[PDB]
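Dumped structure-v8.cif below, it's mmCIF, C-alpha atoms and all ligand atoms:
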data_query
loop_
_atom_site.label_atom_id
_atom_site.label_comp_id
_atom_site.auth_asym_id
_atom_site.auth_seq_id
_atom_site.Cartn_x
_atom_site.Cartn_y
_atom_site.Cartn_z
CA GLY G 58 21.72 8.48 -8.14
CA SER G 59 20.17 8.13 -11.67
CA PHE G 60 17.26 5.53 -11.98
CA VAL G 61 19.71 2.61 -12.37
CA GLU G 62 20.87 3.47 -8.78
CA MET G 63 17.24 3.13 -7.47
CA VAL G 64 16.28 -0.17 -9.16
CA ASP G 65 16.10 -3.01 -6.55
CA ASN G 66 16.34 -0.64 -3.55
CA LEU G 67 13.44 -2.46 -1.70
CA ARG G 68 13.52 -5.49 0.53
CA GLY G 69 11.01 -7.23 2.84
CA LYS G 70 9.33 -10.41 4.15
CA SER G 71 6.07 -11.65 2.69
CA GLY G 72 3.28 -10.15 4.79
CA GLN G 73 5.44 -7.48 6.47
CA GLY G 74 5.77 -4.90 3.69
CA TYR G 75 8.68 -3.41 1.82
CA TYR G 76 11.43 -1.24 3.24
CA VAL G 77 14.03 1.12 1.73
CA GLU G 78 17.32 2.17 3.36
CA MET G 79 17.41 5.63 4.73
CA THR G 80 19.94 7.57 6.77
CA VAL G 81 19.04 9.96 9.54
CA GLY G 82 21.29 12.47 11.26
CA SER G 83 24.93 13.39 11.19
CA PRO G 84 26.93 11.31 11.12
CA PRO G 85 24.36 9.22 9.21
CA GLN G 86 22.59 6.41 11.05
CA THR G 87 21.37 3.83 8.47
CA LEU G 88 17.89 2.28 9.07
CA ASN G 89 15.44 0.11 7.12
CA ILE G 90 12.23 2.03 6.65
CA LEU G 91 8.82 0.61 5.62
CA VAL G 92 7.41 2.20 2.49
CA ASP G 93 3.80 3.21 3.45
CA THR G 94 1.56 4.99 0.94
CA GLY G 95 -1.23 4.70 3.48
CA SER G 96 0.05 7.15 6.07
CA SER G 97 1.88 10.45 6.24
CA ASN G 98 4.41 10.44 9.09
CA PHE G 99 8.03 9.63 8.97
CA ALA G 100 8.59 7.78 12.24
CA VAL G 101 11.57 5.72 13.45
CA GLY G 102 12.24 3.47 16.41
CA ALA G 103 14.25 5.69 18.80
CA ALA G 104 14.66 3.51 21.91
CA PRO G 105 15.47 -0.12 22.61
CA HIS G 106 12.94 -2.79 21.77
CA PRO G 107 13.23 -6.58 21.97
CA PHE G 108 12.58 -6.92 18.17
CA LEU G 109 15.00 -4.14 17.09
CA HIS G 110 18.77 -4.14 17.20
CA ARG G 111 19.21 -0.67 15.83
CA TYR G 112 17.22 2.50 16.31
CA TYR G 113 17.64 6.21 15.88
CA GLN G 114 19.78 7.77 18.58
CA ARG G 115 19.00 11.46 18.59
CA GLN G 116 21.86 12.13 21.05
CA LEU G 117 24.46 10.90 18.46
CA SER G 118 23.16 13.30 15.74
CA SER G 119 24.85 16.76 15.69
CA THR G 120 22.07 17.98 13.32
CA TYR G 121 19.09 16.90 15.43
CA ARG G 122 16.64 19.56 16.65
CA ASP G 123 13.85 18.80 19.10
CA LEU G 124 10.43 20.28 18.27
CA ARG G 125 9.30 19.74 21.94
CA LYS G 126 5.98 18.21 20.89
CA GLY G 127 4.69 14.67 21.43
CA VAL G 128 2.60 12.56 19.04
CA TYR G 129 0.42 9.51 19.77
CA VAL G 130 -0.69 7.33 16.85
CA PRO G 131 -3.21 4.60 17.51
CA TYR G 132 -4.15 1.81 15.15
CA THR G 133 -6.97 -0.73 15.48
CA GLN G 134 -4.09 -3.25 15.85
CA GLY G 135 -1.67 -1.41 18.23
CA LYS G 136 0.04 1.97 18.48
CA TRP G 137 3.24 3.98 18.38
CA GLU G 138 3.99 7.24 20.23
CA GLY G 139 7.02 9.56 20.27
CA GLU G 140 8.68 12.95 20.24
CA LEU G 141 8.73 15.18 17.15
CA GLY G 142 11.95 16.77 15.84
CA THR G 143 13.81 17.46 12.59
CA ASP G 144 17.03 16.06 11.23
CA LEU G 145 18.94 15.59 7.98
CA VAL G 146 17.64 12.64 5.94
CA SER G 147 18.98 10.91 2.85
CA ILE G 148 18.04 7.78 0.80
CA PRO G 149 21.40 6.11 -0.08
CA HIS G 150 19.90 4.16 -2.99
CA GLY G 151 17.60 7.02 -4.12
CA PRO G 152 18.26 10.61 -5.34
CA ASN G 153 21.60 12.19 -4.48
CA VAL G 154 20.09 14.78 -2.12
CA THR G 155 19.82 15.43 1.63
CA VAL G 156 16.88 17.15 3.24
CA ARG G 157 15.75 18.46 6.57
CA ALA G 158 12.63 16.51 7.46
CA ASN G 159 10.24 16.02 10.31
CA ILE G 160 11.03 12.82 12.24
CA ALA G 161 8.93 11.26 14.99
CA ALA G 162 11.25 9.37 17.29
CA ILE G 163 9.19 6.44 18.49
CA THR G 164 9.67 6.10 22.24
CA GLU G 165 6.98 3.43 22.98
CA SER G 166 4.90 1.17 20.82
CA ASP G 167 2.61 -1.85 21.03
CA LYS G 168 2.30 -4.53 18.39
CA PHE G 169 4.02 -2.27 15.82
CA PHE G 170 7.59 -3.75 15.60
CA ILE G 171 7.17 -7.56 14.98
CA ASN G 172 9.62 -10.38 15.76
CA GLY G 173 12.08 -10.47 12.80
CA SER G 174 10.51 -8.27 10.04
CA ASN G 175 13.72 -6.14 9.76
CA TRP G 176 12.37 -2.55 9.48
CA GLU G 177 13.04 0.03 12.17
CA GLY G 178 10.67 2.80 11.11
CA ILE G 179 7.96 3.87 8.70
CA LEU G 180 7.91 6.33 5.77
CA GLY G 181 4.36 7.69 5.29
CA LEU G 182 4.20 8.81 1.69
CA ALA G 183 0.55 10.01 1.67
CA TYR G 184 -0.45 13.70 2.08
CA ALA G 185 -0.41 16.17 4.97
CA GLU G 186 -4.16 16.01 5.65
CA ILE G 187 -3.77 12.66 7.45
CA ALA G 188 -0.38 13.43 9.22
CA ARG G 189 -0.46 13.17 13.03
CA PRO G 190 -0.94 15.18 15.21
CA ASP G 191 -2.24 17.48 12.36
CA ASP G 192 -1.70 18.62 8.77
CA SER G 193 0.83 21.24 9.80
CA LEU G 194 3.51 18.53 10.14
CA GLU G 195 5.02 18.46 6.60
CA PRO G 196 5.40 14.86 5.38
CA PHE G 197 8.76 13.69 4.14
CA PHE G 198 7.95 13.72 0.39
CA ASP G 199 6.65 17.35 0.51
CA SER G 200 10.01 18.39 2.15
CA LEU G 201 11.99 16.41 -0.41
CA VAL G 202 10.27 18.12 -3.35
CA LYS G 203 10.29 21.62 -1.78
CA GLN G 204 14.01 21.54 -0.82
CA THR G 205 15.45 19.89 -3.94
CA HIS G 206 14.80 19.69 -7.72
CA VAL G 207 13.34 16.11 -7.38
CA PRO G 208 10.17 15.86 -9.56
CA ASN G 209 6.94 15.54 -7.62
CA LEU G 210 6.44 11.84 -8.36
CA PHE G 211 7.47 8.38 -7.24
CA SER G 212 6.76 4.86 -8.44
CA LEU G 213 6.72 1.49 -6.80
CA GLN G 214 7.48 -1.95 -8.26
CA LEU G 215 6.73 -4.44 -5.44
CA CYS G 216 7.89 -7.88 -6.58
CA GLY G 217 6.76 -10.53 -4.06
CA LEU G 228 9.20 -16.10 5.77
CA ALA G 229 10.11 -15.57 2.12
CA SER G 230 12.22 -12.51 1.18
CA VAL G 231 10.88 -10.03 -1.37
CA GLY G 232 12.36 -7.26 -3.48
CA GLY G 233 11.28 -4.32 -5.60
CA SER G 234 12.06 -0.76 -6.51
CA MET G 235 11.01 2.70 -5.40
CA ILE G 236 11.96 5.22 -8.09
CA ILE G 237 11.93 8.59 -6.57
CA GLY G 238 11.28 11.42 -8.99
CA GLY G 239 10.56 9.42 -12.07
CA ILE G 240 9.34 6.46 -14.06
CA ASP G 241 11.73 3.69 -15.07
CA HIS G 242 10.58 1.99 -18.29
CA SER G 243 12.69 -1.12 -17.56
CA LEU G 244 10.22 -1.89 -14.72
CA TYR G 245 7.08 -2.46 -16.81
CA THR G 246 5.74 -3.67 -20.11
CA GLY G 247 2.79 -2.50 -22.16
CA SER G 248 0.55 0.51 -21.53
CA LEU G 249 0.60 2.78 -18.47
CA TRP G 250 -2.94 3.76 -17.59
CA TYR G 251 -3.80 6.54 -15.20
CA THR G 252 -6.67 6.92 -12.79
CA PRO G 253 -7.28 10.25 -11.00
CA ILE G 254 -6.34 10.92 -7.40
CA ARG G 255 -9.84 11.80 -6.21
CA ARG G 256 -8.63 13.86 -3.26
CA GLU G 257 -5.16 14.34 -1.80
CA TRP G 258 -5.19 12.68 1.64
CA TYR G 259 -4.87 8.96 1.20
CA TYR G 260 -4.06 8.03 -2.41
CA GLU G 261 -7.77 7.81 -3.02
CA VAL G 262 -9.17 6.50 -6.28
CA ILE G 263 -12.55 5.46 -7.68
CA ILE G 264 -13.48 1.94 -8.78
CA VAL G 265 -16.36 1.90 -11.33
CA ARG G 266 -16.95 -1.83 -11.94
CA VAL G 267 -15.82 -5.14 -10.48
CA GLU G 268 -15.75 -8.51 -12.33
CA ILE G 269 -14.88 -11.97 -11.02
CA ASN G 270 -13.95 -14.31 -13.94
CA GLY G 271 -15.46 -11.93 -16.45
CA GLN G 272 -18.71 -11.70 -14.52
CA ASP G 273 -19.93 -8.35 -13.26
CA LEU G 274 -20.75 -8.12 -9.54
CA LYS G 275 -23.50 -5.70 -10.60
CA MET G 276 -23.55 -3.60 -7.43
CA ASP G 277 -24.21 0.15 -7.13
CA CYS G 278 -20.71 1.31 -7.94
CA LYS G 279 -20.62 3.55 -4.84
CA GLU G 280 -20.57 0.25 -2.86
CA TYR G 281 -17.05 -0.30 -4.39
CA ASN G 282 -15.82 2.88 -2.83
CA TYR G 283 -17.57 2.79 0.52
CA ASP G 284 -16.34 4.79 2.28
CA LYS G 285 -13.24 5.26 0.11
CA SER G 286 -10.84 3.20 -2.08
CA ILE G 287 -7.13 3.72 -1.58
CA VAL G 288 -3.76 2.45 -2.91
CA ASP G 289 -1.73 1.31 0.14
CA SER G 290 1.68 -0.36 0.08
CA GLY G 291 1.42 -0.60 3.90
CA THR G 292 -1.50 -3.09 3.68
CA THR G 293 -0.96 -6.71 2.72
CA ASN G 294 -4.39 -7.83 1.56
CA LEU G 295 -6.93 -6.64 -0.88
CA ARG G 296 -9.52 -5.31 1.62
CA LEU G 297 -13.11 -4.93 0.37
CA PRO G 298 -16.17 -3.24 1.97
CA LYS G 299 -18.49 -5.78 3.63
CA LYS G 300 -21.09 -6.03 0.88
CA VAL G 301 -18.41 -6.22 -1.84
CA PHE G 302 -16.37 -8.82 0.13
CA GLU G 303 -19.50 -11.04 0.53
CA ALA G 304 -20.32 -10.94 -3.18
CA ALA G 305 -16.68 -11.60 -4.04
CA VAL G 306 -16.48 -14.59 -1.67
CA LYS G 307 -19.78 -15.95 -3.12
CA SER G 308 -18.27 -15.67 -6.64
CA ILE G 309 -14.87 -17.24 -5.90
CA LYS G 310 -16.56 -20.03 -3.88
CA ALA G 311 -18.79 -20.71 -6.89
CA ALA G 312 -15.84 -20.92 -9.34
CA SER G 313 -13.82 -23.19 -6.99
CA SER G 314 -16.77 -25.35 -5.84
CA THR G 315 -14.88 -28.57 -6.78
CA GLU G 316 -13.07 -27.91 -3.47
CA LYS G 317 -14.99 -27.47 -0.20
CA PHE G 318 -12.83 -25.40 2.12
CA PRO G 319 -13.59 -24.68 5.77
CA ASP G 320 -15.08 -21.30 6.83
CA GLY G 321 -11.79 -20.34 8.50
CA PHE G 322 -10.05 -20.42 5.10
CA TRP G 323 -12.39 -17.71 3.68
CA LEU G 324 -11.73 -15.65 6.86
CA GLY G 325 -7.96 -15.88 6.29
CA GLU G 326 -7.65 -17.86 9.53
CA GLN G 327 -6.61 -21.20 7.97
CA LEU G 328 -4.42 -22.65 5.21
CA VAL G 329 -5.64 -25.00 2.47
CA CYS G 330 -3.20 -27.42 0.83
CA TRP G 331 -2.58 -29.63 -2.17
CA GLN G 332 0.22 -32.13 -3.02
CA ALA G 333 3.34 -30.10 -4.06
CA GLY G 334 3.05 -28.90 -7.69
CA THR G 335 -0.62 -29.97 -8.03
CA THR G 336 -2.51 -26.77 -6.88
CA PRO G 337 -5.57 -26.50 -9.30
CA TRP G 338 -4.98 -22.81 -10.19
CA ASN G 339 -7.56 -22.93 -12.96
CA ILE G 340 -10.49 -23.30 -10.58
CA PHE G 341 -9.80 -19.88 -8.94
CA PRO G 342 -11.05 -16.90 -11.01
CA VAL G 343 -9.26 -13.66 -11.90
CA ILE G 344 -10.60 -10.42 -10.41
CA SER G 345 -10.75 -7.25 -12.54
CA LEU G 346 -11.04 -3.79 -10.86
CA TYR G 347 -12.08 -1.12 -13.37
CA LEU G 348 -10.64 2.27 -12.33
CA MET G 349 -11.96 5.66 -13.42
CA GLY G 350 -10.06 6.92 -16.49
CA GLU G 351 -8.64 10.43 -16.93
CA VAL G 352 -11.42 10.87 -19.53
CA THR G 353 -14.98 11.21 -18.57
CA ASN G 354 -16.90 8.01 -19.47
CA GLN G 355 -13.70 5.93 -19.75
CA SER G 356 -12.21 3.35 -17.37
CA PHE G 357 -9.46 0.73 -17.54
CA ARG G 358 -9.14 -2.58 -15.70
CA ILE G 359 -6.45 -4.10 -13.64
CA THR G 360 -6.75 -7.85 -13.57
CA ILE G 361 -5.43 -9.89 -10.57
CA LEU G 362 -4.44 -13.61 -10.83
CA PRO G 363 -5.39 -16.18 -8.13
CA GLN G 364 -1.65 -16.47 -7.43
CA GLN G 365 -1.85 -12.84 -6.10
CA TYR G 366 -4.72 -13.42 -3.67
CA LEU G 367 -3.90 -16.92 -2.48
CA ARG G 368 -0.60 -16.52 -0.80
CA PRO G 369 1.76 -19.45 -0.13
CA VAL G 370 2.61 -20.16 3.51
CA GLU G 371 5.28 -22.80 4.11
CA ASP G 372 4.38 -25.24 6.86
CA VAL G 373 6.34 -27.61 9.16
CA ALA G 374 4.09 -30.74 8.99
CA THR G 375 3.41 -30.20 5.25
CA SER G 376 6.64 -30.09 3.22
CA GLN G 377 4.78 -32.68 1.11
CA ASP G 378 2.27 -29.85 0.42
CA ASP G 379 1.77 -26.39 -1.11
CA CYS G 380 -0.41 -24.47 1.36
CA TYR G 381 -2.17 -21.09 0.94
CA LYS G 382 -3.88 -18.32 2.86
CA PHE G 383 -6.81 -16.33 1.38
CA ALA G 384 -5.54 -12.73 1.20
CA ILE G 385 -8.84 -10.91 0.54
CA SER G 386 -10.47 -9.63 3.68
CA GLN G 387 -13.57 -7.70 4.78
CA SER G 388 -13.17 -3.93 5.46
CA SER G 389 -15.17 -1.34 7.41
CA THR G 390 -12.94 1.51 6.18
CA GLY G 391 -13.35 1.06 2.40
CA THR G 392 -11.48 -0.74 -0.33
CA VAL G 393 -7.72 -1.14 0.20
CA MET G 394 -5.51 -2.16 -2.74
CA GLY G 395 -2.64 -3.46 -0.76
CA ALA G 396 0.35 -5.66 -1.78
CA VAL G 397 -2.06 -8.31 -3.18
CA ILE G 398 -3.01 -5.78 -5.85
CA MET G 399 0.30 -3.84 -6.18
CA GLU G 400 2.60 -6.89 -6.66
CA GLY G 401 1.06 -7.38 -10.14
CA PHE G 402 1.95 -3.86 -11.33
CA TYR G 403 4.29 -1.03 -11.65
CA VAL G 404 2.53 1.76 -9.79
CA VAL G 405 3.14 5.38 -10.52
CA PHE G 406 2.26 7.91 -7.81
CA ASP G 407 2.05 11.03 -10.04
CA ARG G 408 1.46 13.64 -7.42
CA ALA G 409 2.32 16.50 -9.85
CA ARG G 410 -0.55 15.44 -12.13
CA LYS G 411 -2.89 14.19 -9.31
CA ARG G 412 -3.14 10.67 -10.85
CA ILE G 413 -1.94 7.10 -10.24
CA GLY G 414 -0.62 4.99 -13.13
CA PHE G 415 -0.74 1.19 -13.50
CA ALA G 416 1.27 -0.95 -15.92
CA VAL G 417 2.07 -4.66 -15.98
CA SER G 418 5.28 -5.21 -13.89
CA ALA G 419 8.46 -6.61 -15.33
CA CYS G 420 8.46 -8.94 -12.25
CA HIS G 421 5.29 -10.91 -13.17
CA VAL G 422 3.66 -13.33 -10.74
CA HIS G 423 2.73 -15.83 -13.38
CA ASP G 424 0.02 -18.50 -14.14
CA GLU G 425 0.01 -21.29 -16.69
CA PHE G 426 -2.67 -19.81 -18.99
CA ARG G 427 -3.57 -16.29 -17.69
CA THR G 428 -1.72 -13.05 -17.09
CA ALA G 429 -2.04 -10.13 -14.61
CA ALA G 430 -3.08 -7.30 -16.99
CA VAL G 431 -3.80 -3.59 -17.34
CA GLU G 432 -6.30 -2.98 -20.16
CA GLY G 433 -8.35 -0.17 -21.63
CA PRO G 434 -10.20 1.79 -22.45
CA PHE G 435 -13.75 0.67 -21.56
CA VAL G 436 -16.41 3.24 -22.25
CA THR G 437 -19.80 3.82 -20.58
CA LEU G 438 -21.89 6.86 -19.59
CA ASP G 439 -20.20 7.21 -16.15
CA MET G 440 -20.78 6.97 -13.43
CA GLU G 441 -23.08 8.06 -12.49
CA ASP G 442 -20.55 9.17 -9.89
CA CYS G 443 -19.18 6.10 -8.13
CA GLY G 444 -17.42 8.19 -5.38
CA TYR G 445 -18.89 8.19 -1.84
CA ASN G 446 -19.18 11.43 0.12
CA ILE G 447 -18.12 10.75 3.72
CA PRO G 448 -20.63 12.32 6.13
CA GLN G 449 -19.05 15.57 7.32
CA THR G 450 -18.41 15.69 11.10
CA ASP G 451 -18.71 18.82 13.22
CA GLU G 452 -15.10 18.18 14.24
CA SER G 453 -14.03 18.20 10.52
CA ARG G 454 -16.32 21.08 9.73
CA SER G 455 -15.12 23.49 12.41
CA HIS G 456 -11.25 23.12 12.09
CA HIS G 457 -9.61 26.07 10.23
CA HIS G 458 -7.08 25.37 7.56
CA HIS G 459 -5.20 28.61 7.02
CA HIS G 460 -2.54 27.52 4.47
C1 LIG G 501 1.55 0.01 7.63
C2 LIG G 501 1.40 -0.90 8.84
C3 LIG G 501 2.84 -1.25 9.35
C4 LIG G 501 0.58 -0.17 9.91
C5 LIG G 501 0.33 -1.14 11.06
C6 LIG G 501 0.31 -0.76 12.39
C7 LIG G 501 0.13 -1.76 13.35
CL1 LIG G 501 0.16 -1.26 15.07
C8 LIG G 501 -0.10 -3.13 13.04
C9 LIG G 501 -0.12 -3.53 11.71
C10 LIG G 501 0.09 -2.53 10.72
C11 LIG G 501 0.08 -2.89 9.26
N1 LIG G 501 -0.56 -4.00 8.92
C12 LIG G 501 -0.50 -4.50 7.55
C13 LIG G 501 0.44 -5.73 7.43
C14 LIG G 501 1.88 -5.25 7.57
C15 LIG G 501 2.59 -5.41 8.76
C16 LIG G 501 3.92 -4.88 8.80
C17 LIG G 501 4.52 -4.26 7.70
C18 LIG G 501 3.77 -4.10 6.53
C19 LIG G 501 2.46 -4.60 6.48
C20 LIG G 501 -1.86 -4.94 7.24
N2 LIG G 501 -2.20 -5.52 6.06
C21 LIG G 501 -3.48 -5.83 6.20
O1 LIG G 501 -4.22 -6.52 5.17
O2 LIG G 501 -3.95 -5.55 7.41
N3 LIG G 501 -2.94 -4.99 8.12
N4 LIG G 501 0.63 -2.09 8.43
ZN ZN G 502 22.92 0.44 0.97
ZN ZN G 503 -9.13 30.62 11.84
ZN ZN G 504 -4.99 22.42 7.99
#
Before anything else, please render the file you have as structure tokens.
Ligand SMILES: CC1(C)Cc2cc(Cl)ccc2C(N[C@@H](Cc2ccccc2)c2nc(=O)o[nH]2)=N1
Ligand SMILES: [Zn+2]
Ligand SMILES: [Zn+2]
Ligand SMILES: [Zn+2]
Amino acid sequence: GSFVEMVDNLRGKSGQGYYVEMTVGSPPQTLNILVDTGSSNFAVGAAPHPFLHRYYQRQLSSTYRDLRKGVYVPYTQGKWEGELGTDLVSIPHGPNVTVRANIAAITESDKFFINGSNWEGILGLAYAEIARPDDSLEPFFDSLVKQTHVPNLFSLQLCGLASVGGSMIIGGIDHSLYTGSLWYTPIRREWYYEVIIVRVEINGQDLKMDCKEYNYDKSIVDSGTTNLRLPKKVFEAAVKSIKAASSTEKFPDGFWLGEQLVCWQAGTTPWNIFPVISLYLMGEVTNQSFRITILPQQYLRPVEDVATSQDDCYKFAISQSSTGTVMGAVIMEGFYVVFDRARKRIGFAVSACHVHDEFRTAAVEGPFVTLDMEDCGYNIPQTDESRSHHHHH
């Protein structure tokens, strides 16, 4: 399983993430597993569901061990719950290794498995601190690295209902997947893949906010989120700016809320009137940053319609957040993204699968120098619950 074996090992549907094949148990049961850098549990459907046709059957695995401990995971949008255990786990199109990992067997869920998305489970690739029920449940990637010689790194090339492809290179960086410079921003703290944005520009114009507003209350890289999600004040200033640039076209309010498609005659979409967005990320060097520049074709996402085959129709894929900035697939589909856990940094390069425009290019460019920052990171108010918990590791 050299890096040629791992190229193209991702599939998905637009708007429902990317999954990789994994096997669980002995004899191996093959499942499609969502790649989720925004959570830290490995959890698989483990009972029948109307929208699943396979699921992990613990009773058919000779290597399964029950940990006799439940877990309940709520989301704003639904939930999953299940029974913790361990089993043997392998990635057939990844490194040639097998490991004993924690697995949550999902026994009940609500609004988690969607009609026809094709994944049966989720691979949380973030760190132990945010694992449920607590940080004592070792995430999959920590077990992989500890049990094998796989380097403590992985990279994602997400390529963008329409079918999508990409690659997850486990343990390395595949130079066939990008062009140009790889630029690294630091992992601010190991929980989410948290990073710090220092400046935002919409068509070359600076939003000019206090840069802490960009990271309120965090900014994270999240392959499990579709949109670019922006804190309220940032989202408002962004919408004001894009609306200004595209003011030839008066769209309804529901479009800007992502609740409604806007259309043009097939092949005639005026791409030029929608501006590029540049996010400047903290550099590895003090006072330096680099920018990642997003095309309009990344944040206005085509949705094919029944009554409008005559037309190219689009949904606005930037949305307001109350939980900080989220660089989801909208951002990641431009780029080859390196999750360099060994060196506590995330790299960005232009992807070999480009999502292209007539006259502009998704880009990664630096350096840009200032006088930083003067600290653009936000310090989340410490709860008594947080404060009192002992971490004896
Ligand atoms: C990682 C995962 C599966 C967690 C989740 C749990 C639940 Cl219960 C509902 C939706 C999501 C979700 N929603 C994604 C969309 C999605 C749905 C399914 C697979 C991948 C991504 C999202 N993007 C966004 O801008 O807001 N929510 N992503
Ligand atoms: Zn296969
Ligand atoms: Zn103690
Ligand atoms: Zn702890």
Mind dumping a table of every chain G residue within 6 Å of ligand LIG 501 (chain G), with the nearest atom pair and its distance in Å to one decimal, using only C-alpha atoms and all ligand atoms, sorted by chain and rising number, as a Markdown table?
| residue | atom | partner | partner_atom | distance |
| --- | --- | --- | --- | --- |
| G:72 | CA | G:LIG501 | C14 | 5.8 |
| G:73 | CA | G:LIG501 | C17 | 3.6 |
| G:74 | CA | G:LIG501 | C18 | 3.6 |
| G:93 | CA | G:LIG501 | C1 | 5.7 |
| G:132 | CA | G:LIG501 | CL1 | 5.3 |
| G:134 | CA | G:LIG501 | CL1 | 4.8 |
| G:135 | CA | G:LIG501 | CL1 | 3.7 |
| G:136 | CA | G:LIG501 | CL1 | 4.7 |
| G:168 | CA | G:LIG501 | CL1 | 5.1 |
| G:169 | CA | G:LIG501 | CL1 | 4.1 |
| G:291 | CA | G:LIG501 | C1 | 3.8 |
| G:292 | CA | G:LIG501 | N2 | 3.5 |
| G:293 | CA | G:LIG501 | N2 | 3.8 |
| G:294 | CA | G:LIG501 | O1 | 3.8 |
Tell me which protein, DNA and RNA residues are within 9 Å of region 255-257 of chain G, counting only C-alpha atoms, leaving out same-chain ones fewer than 2 positions away, and put them as a PDB file with C-alpha atoms, keeping the file's coordinate frame.
ATOM      1  CA  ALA G 183       0.550  10.010   1.670  1.00  0.00           C
ATOM      2  CA  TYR G 184      -0.450  13.700   2.080  1.00  0.00           C
ATOM      3  CA  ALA G 185      -0.410  16.170   4.970  1.00  0.00           C
ATOM      4  CA  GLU G 186      -4.160  16.010   5.650  1.00  0.00           C
ATOM      5  CA  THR G 252      -6.670   6.920 -12.790  1.00  0.00           C
ATOM      6  CA  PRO G 253      -7.280  10.250 -11.000  1.00  0.00           C
ATOM      7  CA  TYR G 259      -4.870   8.960   1.200  1.00  0.00           C
ATOM      8  CA  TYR G 260      -4.060   8.030  -2.410  1.00  0.00           C
ATOM      9  CA  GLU G 261      -7.770   7.810  -3.020  1.00  0.00           C
ATOM     10  CA  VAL G 262      -9.170   6.500  -6.280  1.00  0.00           C
ATOM     11  CA  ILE G 263     -12.550   5.460  -7.680  1.00  0.00           C
ATOM     12  CA  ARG G 408       1.460  13.640  -7.420  1.00  0.00           C
ATOM     13  CA  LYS G 411      -2.890  14.190  -9.310  1.00  0.00           C
ATOM     14  CA  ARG G 412      -3.140  10.670 -10.850  1.00  0.00           C
ATOM     15  CA  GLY G 444     -17.420   8.190  -5.380  1.00  0.00           C
TER      16      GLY G 444
END
Could you pull out the residues sitting within 10 Å of ligand ZN 502 (chain G), using only C-alpha atoms and all ligand atoms, and write them as a PDB file with C-alpha atoms, in the frame of the given file?
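Here's the written file result_36.pdb:
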ATOM      1  CA  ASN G  66      16.340  -0.640  -3.550  1.00  0.00           C
ATOM      2  CA  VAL G  77      14.030   1.120   1.730  1.00  0.00           C
ATOM      3  CA  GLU G  78      17.320   2.170   3.360  1.00  0.00           C
ATOM      4  CA  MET G  79      17.410   5.630   4.730  1.00  0.00           C
ATOM      5  CA  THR G  80      19.940   7.570   6.770  1.00  0.00           C
ATOM      6  CA  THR G  87      21.370   3.830   8.470  1.00  0.00           C
ATOM      7  CA  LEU G  88      17.890   2.280   9.070  1.00  0.00           C
ATOM      8  CA  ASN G  89      15.440   0.110   7.120  1.00  0.00           C
ATOM      9  CA  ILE G 148      18.040   7.780   0.800  1.00  0.00           C
ATOM     10  CA  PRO G 149      21.400   6.110  -0.080  1.00  0.00           C
ATOM     11  CA  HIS G 150      19.900   4.160  -2.990  1.00  0.00           C
ATOM     12  CA  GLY G 151      17.600   7.020  -4.120  1.00  0.00           C
TER      13      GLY G 151
END
| request: Please write out the residues within 12 Å of ligand ZN 503 (chain G) as a ChimeraX atom specification, counting only C-alpha atoms and all ligand atoms. | output: /G:455-460
| Of the listed residues G:269, G:312, G:141, G:343, that which approaches residue 426 (chain G) most closely, counting all atoms listed in the file | G:343
| Can you list, as a PyMOL selection string, every protein, DNA or RNA residue that comes within 12 Å of residue 203 (chain G) when you count all atoms listed in the file, leaving out same-chain residues fewer than 4 positions away? | chain G and resi 154-158+195-199+207-209
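In this comparison, which uses all atoms listed in the file, the residue of G:193, G:230, G:204, G:355 approaching ligand ZN 504 (chain G) most closely is G:193.
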| request: Using only C-alpha atoms and all ligand atoms, pick whichever of G:318, G:302, G:258, G:283 has the shortest atom-to-atom distance to ligand ZN 504 (chain G). | output: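 Closest to ligand ZN 504 (chain G), using only C-alpha atoms and all ligand atoms: G:258.
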| Pick from G:188, G:128, G:396, G:63 nearest to ligand ZN 504 (chain G), counting only C-alpha atoms and all ligand atoms |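 Ranked by minimum distance to ligand ZN 504 (chain G), first place goes to G:188.
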| field | Distance of CA of residue 369 (chain G) from CA of residue 247 (chain G), expressed in Å to one decimal place | value | 27.8 Å
| request: One decimal, Å: what's the distance from CA of residue 115 (chain G) over to CA of residue 58 (chain G), could you say? | output: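 Interatomic distance here is 27.0 Å.
Nearest residue to residue 162 (chain G), choosing from G:92, G:81, G:278, G:201 and counting only C-alpha atoms: G:81.
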